[PDB]
Each structure stands twice: as C-alpha cells, then as structure tokens.
C-alpha cells in the first residue's frame, strides 16, 4: 500500500519505457493543423518506428474530457498500438482537474464493463469515464476488427496526461474482455478510489500490495511518473488512490540517466511521485512534459 522501497532498471527496461513515451508523444500529431501521414509520417519522431503502419487516427474536441489519438500496427515487433491523448491543451485539462470537483462514479457504468467484471466499490473519476467512453466510441469497433486481422499481435495501450488515464481504463476493458494488453501510462492522474486501485492490483498483479519491483516478461502494467510532476498526485481529494506499480524518473530533465529511473513499490511512495515537494512543484507544465522525451509536441 505505502512503502519507500525502490529498484534500479536494465538498459533494455529503459528503452522499453522510452519506446512507449515516444509512441505516446506521437499522439500529439493527431490534433488540428497537423496529422500522421500513411504509413507513419509525422516528422522524424515517427522515424524511430520504421516498421509501423497507421490504421486510423481520431479526434473529438466537443468536451474537456474528450480524446484524440491513433491506432497502428508494428510489423517488426508484432504489436497493435493504441495511443490515447486528451484533445484539449494540457493547461486547460490540468487546471480543470487540479481546481475542480472530481466526483467518483462506479466503473461498470462505462461501455463493455459489467457488474461481474468490477467490484461494487470500484469507483472512478466521472470525467475520466467520459474520456474512456470517448475512446471507445471513436476506436472500439476498429480495434476489435484489427484484433481479428492480427490475432497473434500483442495489444499495447499508451498515453500521456489525460490520455494516460484513458489508456488505463481502456487497458482494463481489454484485460477484462479476454485480451492481454500492455498498459504503459505517462504522467497519468489518479483514476479511482481504494476499491478501484486494489481491484486493478489484483487484475494486473494477481494480489493486493503486489511486488512491482522488477520489469517482468509477464508484467502488463506500468505507471510512469516524473520528479516535480503534480498531475500523478491530482486529484488531491482523499477518496482518490493510485494502483501499483509506479516507474519514477528521479531526474529534472528529459533523457534521464539509467541510474535515475527507478521501480517504486506500493500505491504511494515518499521516495517517488508521492514525495513531490513545493520547489520541485514550481514548473507545473514544464515537469509534466519531461518523460524521457519532451511530451506534448510532434513535428
């Protein structure tokens, strides 16, 4: 639940987190005035992904919690990528969440999730539920058909900021529906309550208070947090609780040293995201962008 134990990582584990940071950052070409061109052209950021075919990019701007992103296939790594991101600017989204009522509602309210799947006390931020709903409404069917077209391809869901919260929720939806997804989130805010947090921990790790110390070959959930980023501590409300397991960038900038990317134990950790202080909490946006690569920008 709350520990202070941290663990160092491999260069392979580092490259794995940076890969998903890059893929999550690519989601920012999907907005207006920019686009990802087929097969996968978005400036030389997409160049790190030479074996990727873009299926469909999507965007909905009518609600603050509305989502944009892309669906793509990786022919080399044999994977289906679902990258989610909040349509609206990081500032308008961060401030709304940061300085507002964060009302919780039961998760089985959302599409493709029923009472048998979730616990009764599995409560989630109502806004993030709309973020998840918007994702499905825009890409659920297309993804289901792509899953049929590539049945041996592993599904990987990623997102930064609000997109991270939507990636976690979409990730649980696939996990619960007989699929086996990889969920990598970057700077994701707190999604639900203790009931949701402990349910996700059982879903992805098999038990409560799990051992989330090692990058396993079989591990499917990763929550990437950074020094000074206030977003993974938002909402500040007591009802909100993170699931395990945190991956912490204990470095002020992008491209951190291998030694400064740590594996955090527990749902809250004083040595990691939970220990963020006032002075490390000055560059609200600045700190939210630094996840291996500077997030929120695409060629």
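Numbering follows the first chain given and starts at 1.
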For the higher mean C-alpha B factor in the entry, choose 186-194 or 109-117. 109-117
Mean CA temperature factor from the deposited coordinates, higher in 99-107 or in 76-84? 99-107
Going by the CA temperature factor in the entry, name the top one among 53, 246, 60, 250. 60
Taking the Cα B-factors listed in the entry, which of 209, 158, 161, 225 comes out highest? 209
Relative to the other modelled residues of the same chain, rank the CA B-factor of residue 70 and answer lowest, middle or highest third. lowest
Relative C-alpha B-factor of residue 229, binned into the chain's lowest, middle or highest third: lowest
Residue 242: CA temperature factor from the record, placed by chain third, in the lowest
Residue 284 - Cα temperature factor, lowest/middle/highest third of chain: highest
In terms of the CA temperature factor given in the entry, to which third of its chain does residue 171 belong: lowest, middle or highest? lowest
